[PDB]
Every structure is written in C-alpha cells, then in structure tokens.
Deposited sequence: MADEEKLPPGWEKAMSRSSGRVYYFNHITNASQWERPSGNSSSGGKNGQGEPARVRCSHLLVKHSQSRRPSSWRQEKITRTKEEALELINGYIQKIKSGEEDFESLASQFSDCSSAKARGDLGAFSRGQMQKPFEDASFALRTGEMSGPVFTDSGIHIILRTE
C-alpha cells in the first residue's frame, strides 16, 4: 500500500512477499522524508565500476552479475542472522569506509549519487536496502539514523 511497495508471489514457492521499488528491499511481512539520514554501506565493485580498484584488489575484474551474486549472498546471511551487516562491510566492502564498518556519516540530498540517495532517504531507521546500483558498483545500505 505505501509508496513504492509491491505485493508479489515467489515464482518458486508461491510465498507472498513485499518488494520496495525505491530501496530494492524485499520482506515477508506487509509494510506499514527526513532532512538528513546517516547510512553505512557495503560496496561490491565490478569491472564496469567507475574506479575498478579498491583496498581488496588493485584491479577488480568480477562481472556486474558476479557482484550481484555476492551482494545477494550477504543479504541472505544478514536477513538469516548468520552475519552482521557492519562486520561484513568491515571485511568485504570495496570502500575506504570498510575500516569504519561502512559508515558514510550523515548527509542531506545533493551529496550522494542519485540511486544511493533515493534508496537511503526511502529506508526506515534500522532498515537495510536491497541491491542498489550506482556508477561505483552495487551497494547494500543500512540506514543508522
């Protein structure tokens, strides 16, 4: 019902779930803007990233589809409680923020690349995005404030 949400059916299980077309998040439960938000992220870069390099690898060669598989694995592990978002960011994020558990600090509109901004402002506090595609790569976003 709320802006951007779709009620859908898994094509494998028939299970009802909810998908947000601004954050790309999905959740089983039916769902129910701030001047500034604070977000942490986990970035997985790919060969078409604007800067296909990070602390992890001088030259990033994984495809966009490989980056998306990695992101989807992190999301599964976070949603299941098997892993912490911020600990996965610290270990695997292709970002200089990985060291700060993926914290990018507070921002208003006008600072972040538009897809990351749109997802960040549409999250609830404590909520995680789905895969968010930017010029930089693929992100998961955790709104912290």
Coverage holes, deposited numbering, ordered by position, sit at 1-6, 39-50
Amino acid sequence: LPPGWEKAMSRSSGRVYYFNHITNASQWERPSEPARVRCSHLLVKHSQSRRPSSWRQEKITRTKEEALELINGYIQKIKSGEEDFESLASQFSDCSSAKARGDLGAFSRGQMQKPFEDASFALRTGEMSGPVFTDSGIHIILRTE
From here on, numbers count along this sequence of modelled residues.
Could you check the entry and say whether 96-104 or 76-84 has the higher mean CA B-factor?
76-84
Of the two stretches 108-116 and 23-31, which shows the higher Cα B-factor on average in the entry?
23-31
Split the chain's modelled residues into thirds by Cα B-factor; is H41 in the lowest, middle or highest one?
lowest
Cα B factor band for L1 (lowest, middle or highest third within the chain):
highest
Entry-reported Cα temperature factor of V132, expressed as the chain third it lands in
lowest
If you rank the chain by CA B-factor, which third does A8 end up in: lowest, middle or highest?
highest
C-alpha B factor of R56, ranked within the chain: lowest, middle or highest third?
lowest
